[PDB]
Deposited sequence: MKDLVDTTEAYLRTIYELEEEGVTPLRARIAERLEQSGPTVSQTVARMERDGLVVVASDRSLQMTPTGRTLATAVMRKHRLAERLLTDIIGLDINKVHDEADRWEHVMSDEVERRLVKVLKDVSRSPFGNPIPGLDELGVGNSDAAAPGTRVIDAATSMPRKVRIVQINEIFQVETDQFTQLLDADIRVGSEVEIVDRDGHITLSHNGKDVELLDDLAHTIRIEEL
């Protein structure tokens, strides 16, 4: 079945977040092929357990601990996939479904071993970066970003102050303006994501674009 229920919901919410979708209960229900009311029952208990808040707008907001797990689940999932693909040679059409069971039972140590053995752990076979490899072994953007991805709102871009200007069009093409509710992250390497499009910001631009919490 789902193997680990809470972890299913956690990885679901991450993945909605990566696609730029608002992690709504109905969205999660749909993705998991579960019922809405079954979904609220689980969300209730994830709340209790400290993994989630149900925000004003009804969006599931992962607590930092919640987001840490979700990231860990996701990293296991993606590495099981690389493992299944690169090494085992499992039919690509079953790799995901399999990794959907293995994500819940892979130890940290096995993950660490997989980093050693595989050729490249930058992305899953399905083209998505693998997160949390570090964990394993108004307000300026440069200052509002952390290690973990938050949706925030663009409050000003300040193109007047910029020497380097080729990213003006990259933002525009990403419909990043005004704004304009985008996910920001970190590493300095800040990324603005908008639905679900990435603009890797050069430092001058990150230092000058300002955000506000939603």
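No C-alpha positions are given for the deposited-sequence stretches 1-2, 140-148, 199.
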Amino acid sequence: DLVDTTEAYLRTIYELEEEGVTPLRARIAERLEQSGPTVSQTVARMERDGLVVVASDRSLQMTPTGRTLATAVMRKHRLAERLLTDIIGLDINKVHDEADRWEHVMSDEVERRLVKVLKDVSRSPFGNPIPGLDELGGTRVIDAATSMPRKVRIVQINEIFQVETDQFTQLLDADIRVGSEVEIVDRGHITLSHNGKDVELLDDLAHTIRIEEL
From here on, numbers count along this sequence of modelled residues.
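Higher mean CA temperature factor, per the PDB entry, when comparing 100-108 with 113-121: 113-121.
As the entry records it, the average C-alpha temperature factor is higher for 47-55, out of 47-55 and 63-71.
The residue among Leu136, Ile92, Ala80, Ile87 whose C-alpha atom has the highest B-factor in the PDB entry is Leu136.
The maximum CA B-factor among the listed residues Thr169, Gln162, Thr38, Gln156, taken from the PDB record, is found at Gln156. Per-chain ranking of the deposited C-alpha B factor places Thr22 in the middle third. In the deposited entry, the Cα temperature factor of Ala8 sits in the bottom third of values across the chain's modelled residues. The deposited CA B-factor of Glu33 belongs to the middle third of values across its chain.
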